[PDB]
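Asker: Need a 3D model of the sequence below.
(one chain, ligands or ions: 4)
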Amino acid sequence: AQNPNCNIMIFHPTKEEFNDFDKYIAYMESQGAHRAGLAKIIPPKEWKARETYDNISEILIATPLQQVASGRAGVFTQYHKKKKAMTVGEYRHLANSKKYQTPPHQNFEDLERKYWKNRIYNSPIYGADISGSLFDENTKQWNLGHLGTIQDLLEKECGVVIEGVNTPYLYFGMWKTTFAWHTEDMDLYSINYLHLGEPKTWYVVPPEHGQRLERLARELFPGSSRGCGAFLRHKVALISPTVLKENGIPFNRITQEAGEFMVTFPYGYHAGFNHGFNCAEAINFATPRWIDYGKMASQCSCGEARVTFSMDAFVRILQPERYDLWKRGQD
Ligand SMILES: O=C(O)CNC(=O)C(=O)O
Ligand SMILES: [Mg+2]
Ligand code: NI
Ligand SMILES: [Zn+2]
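Answerer: Numbers count the residues shown, from 1 in each chain. Ligands and ions are numbered 1, 2, ... in the order given. Sure, the structure comes next:
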């Protein structure tokens, strides 16, 4: 078995190898990359997502989210308070303000220490989940607005034609902005490109050990657990590396820098934080190997997780028994 310790793998494709997205994913899996839950892909040196970022300041963040924490430094939840709209230029200025800017630090490890020590005492503002793309239409390789769609993958593998669309999302981050422990909707893959700015640190649990994380989460968030049988779908809970180590949960960590892709694999729990002002683009995708994960994916039926139009069809076709109760949650 390749990669039996489930380490995060890093790939350096040539420009020739960067032509065929599906083939390269299947290559990475042949080397065991999926066992980690997360892989890094460094694009060929000749490749660019677009010519410059000089003209992005007029993008609108319609509903910036202030991430308010509750709990203890290593075990907390966050709630998202909606703020008034602002442009990316306004948000960048905010991120660079004395109140919100990255503190002085020695290296990524010192900054990671400061994040876990101090996150809960601040409420950074995240411009998340903004439909759109920053890839130039002329970028033909690994353009996250030009991928094969999940609906087309399901049709190719299973023969069934379904409604729905699959488009990317932009994330504008600042120091301390945080993504809670989660897997993707329907345990899909994700791909994330860091277009610009400061780094993003990731934590990941190997898919084969995801249920260990879930059992710990039920112990650490016991009222949430009684409220919903899949409450990590709410995307609100954080658990630090120190706490994961104290409880024997297998995980890995890596820092993504501007210009790099990350891929999360089906049922790979991940969480993380931004080091400073940045912009990422991400989208879900599927391969043939995903189908079985989609059939087995947990679902939130308490009503909190409230997800896309396109997930309807996935549930209806892959999980017809759950269909009924899950749609009661979504209506
Ligand atoms: O970048 C973020 O805030 C969150 N991104 C992801 O969870 C992802 O790409 O799967
Ligand atoms: Mg603009
Ligand atoms: Ni994700
Ligand atoms: Zn729920």
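
Asker: going forward, measure contacts between C-alpha atoms and count neighbours the same way
Answerer: Noted.

Asker: which residues touch the residue in the chain positioned nearest to ligand 1?
Answerer: Taking C-alpha to the nearest ligand atom as the measure, the chain has residue 192 as its residue closest to ligand 1, at 4.5 Å. Residues in contact with residue 192 (C-alpha atoms under 8 Å, 6 or more residues apart in numbering) are 261, 262, 263, 280, 281, 282, 283.

Asker: how close does the second one sit to ligand 2?
Answerer: Meaning residue 262. 25 Å (C-alpha to the ion, to the nearest Å).

Asker: secondary structure element for the residue of the stretch 101-250 of the chain found nearest ligand 2?
Answerer: The nearest approach of the stretch 101-250 of the chain to ligand 2 comes at residue 134, 10.3 Å away (C-alpha to the ion). Under the criterion DSSP states H and E, no helix or strand holds residue 134.

Asker: so it sits right up against residue 50, yeah?
Answerer: Yes - with contact defined as C-alpha atoms under 8 Å, residue 134 reaches residue 50; the gap is 7.4 Å.

Asker: out of the two, which sits in the busier spot?
Answerer: Neighbour comparison, residue 134 and residue 50: the larger count goes to residue 134, with 20 against 14 (by other C-alpha atoms under 10 Å).

Asker: Roughly how far does that one sit from residue 166?
Answerer: Noted for residue 134: a distance of 16 Å to residue 166, by C-alpha to C-alpha, to the nearest Å.

Asker: Residue 75 now?
Answerer: As for residue 75, its distance to residue 166 is 33 Å (criterion: C-alpha to C-alpha).

Asker: and if you look at residue 157?
Answerer: For residue 157, the distance to residue 166 equals 17 Å [C-alpha to C-alpha].

Asker: More neighbours: these two, which one.
Answerer: When neighbours are counted by other C-alpha under 10 Å, residue 157 and residue 166 differ, and residue 166 comes out ahead with 17 against 12.

Asker: tell me which element residue 113 falls in.
Answerer: Residue-wise, residue 113 maps onto helix 108-118 under DSSP H and E.

Asker: helices or strands next to that helix in the packing?
Answerer: Helices and strands touching helix 108-118, as assessed by 3 or more C-alpha pairs under 8 Å, 6 or more residues apart in numbering; DSSP states H and E, are absent.

Asker: Now do it: everything it contacts.
Answerer: Residues outside helix 108-118 that contact it (C-alpha under 8 Å, 6+ apart) are 73, 74, 105, 176, 240, 275.

Asker: Please compute how far whichever helix or strand comes after that helix lies from its chain's middle.
Answerer: For helix 108-118, the following helix or strand on the C-terminal side (DSSP H and E) is strand 125-131. Chain-centre distance of strand 125-131: 12 Å, with C-alpha atoms, centre = their mean, to the nearest Å.

Asker: buried ones in stretch 11-24?
Answerer: Burial within stretch 11-24, assessed by neighbour count using 16 or more other C-alpha atoms under 10 Å, is assigned to residue 18.

Asker: Check what contacts the strand or helix carrying residue 316 and list those residues.
Answerer: Applying DSSP H and E as the criterion places residue 316 in helix 309-318. The contact list for helix 309-318 (C-alpha under 8 Å, 6+ apart) reads 162, 163, 164, 165, 166, 185, 186, 294, 295, 322, 323, 327.

Asker: Check the burial of the third one by counting its neighbours.
Answerer: In other words, residue 164. By the measure other C-alpha under 10 Å, the count of residues near residue 164 is 16.

Asker: In space, what's closest to it - neighbours in sequence excluded?
Answerer: With C-alpha to C-alpha, 6 or more residues apart in numbering as the measure, residue 310 is the residue that lies nearest to residue 164, at 4.5 Å, once sequence neighbours are left out.

Asker: Show me where the protein has its helices.
Answerer: For the chain, the helices defined by DSSP state H occupy 21-30, 88-95, 108-118, 150-158, 210-220, 222-227, 241-246, 290-296, 309-318, 323-329.

Asker: isn't residue 13 right up against residue 43?
Answerer: Yes - contact criterion C-alpha under 8 Å: residue 13 and residue 43 qualify, at 6.4 Å.

Asker: quick one: residue 253 and residue 205 touch, right?
Answerer: No - the pair formed by residue 253 and residue 205 falls short of the contact definition of C-alpha under 8 Å, at 9.1 Å.

Asker: So if I had to pick from the two, which one is more boxed in?
Answerer: Between residue 253 and residue 205, residue 205 has the larger neighbour count (other C-alpha under 10 Å), namely 28 against 16.

Asker: could you give the angle of the helix holding residue 316 to helix 150-158?
Answerer: With axes from the mean of the first three to the mean of the last three C-alpha atoms, to 10 degrees as the basis, helix 309-318 and helix 150-158 are set at 10 degrees to each other.

Asker: Helix 309-318: how far from the chain's middle?
Answerer: On the basis of C-alpha atoms, centre = their mean, the separation between the geometric centre of helix 309-318 and that of its chain is 20 Å.
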